[PDB]
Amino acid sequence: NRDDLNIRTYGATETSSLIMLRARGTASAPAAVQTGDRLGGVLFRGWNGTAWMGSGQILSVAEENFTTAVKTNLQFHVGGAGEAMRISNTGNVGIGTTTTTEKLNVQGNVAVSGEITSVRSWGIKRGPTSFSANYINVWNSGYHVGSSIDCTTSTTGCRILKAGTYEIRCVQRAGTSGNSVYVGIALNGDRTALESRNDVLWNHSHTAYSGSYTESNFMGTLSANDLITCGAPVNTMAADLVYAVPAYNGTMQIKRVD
């Protein structure tokens, strides 16, 4: 056939449709579609000199046995790369991947000419009120947004809930002793577990002026279930830091970077 196929509908309820139907069995004994069965396709082909070659296609394919549930995907294929985009039965879209774990998945880079808005995971601790253990203050409160960090369940740190990269800064005020003081960020009180890693930034300063801040910083990947703490290295140095409710006396801030 060389003629364009025209489907024309006049009316208020009806529409024009190309309908592609798939069953197993026969018209006399139809059987349910099975996982992996192609329901149908719109196929493009082009002459290359010697053969008709696949030149793009849009496919509907079953992803569950239909006697169990009607679940399908849509596939968009181009000449060259082959399958370029998938829409799974969940509605989840993959570009360059067929594993559609999130609502949109891109196997590659993304370039946007304007701006991107999204929920970003971050959390804070505020108000160092007592020394719990080395490198672990008790904090009066915490707060967080998103799903990667929990800063409210534990009074002594922020819990990492997802593997990821995190940027962390902890500050606390020196008291009035005039002695040198510092705080450090730690993994459940273990400073070395962070500081000794060759894939992170870990630092801290000293201070002595009353009301000035000693600071500690971390940048790098953390593991789910990690409790991030911050505090004085030892009890006698905690005696020389300010412990009180207002956040200006001390805070920890954690941002998910990636």
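Start at 1 with the first residue shown and count on from there.
If you average the CA temperature factors over each stretch, which comes out higher, 246 to 254 or 21 to 29? The recorded data point to 21 to 29.
224 to 232 versus 49 to 57 - which carries the larger mean C-alpha B factor in the record: Mean CA B-factor is higher for 49 to 57.
At the C-alpha atoms, which of 153, 105, 113, 165 reaches the highest B-factor in this entry? Comparing C-alpha B-factors across 153, 105, 113, 165, the top value belongs to 153.
Quiz for you: based on the deposited Cα B-factor, which of 208, 219, 62, 69 is highest? Across 208, 219, 62, 69, the entry lists the biggest C-alpha B-factor for 69.
Among the chain's modelled residues, which third holds the C-alpha B-factor of residue 86? Tercile = highest for this residue's CA B-factor.
Name the third of the chain's ranked CA B-factors that contains residue 94, choosing lowest, middle or highest. Lowest third, going by the recorded CA B-factors of the chain.
Quick one: classify residue 39 as lowest, middle or highest third of the chain based on its Cα B-factor. Middle third.
Third of chain Cα B-factors occupied by residue 128: Its C-alpha B-factor, which the entry lists for residue 128, ranks in the lowest third among residues of this chain.
Per the entry's values, where does residue 196 land by CA temperature factor relative to the rest of its chain, in the lowest, middle or highest third? Tercile = highest for this residue's CA B-factor.
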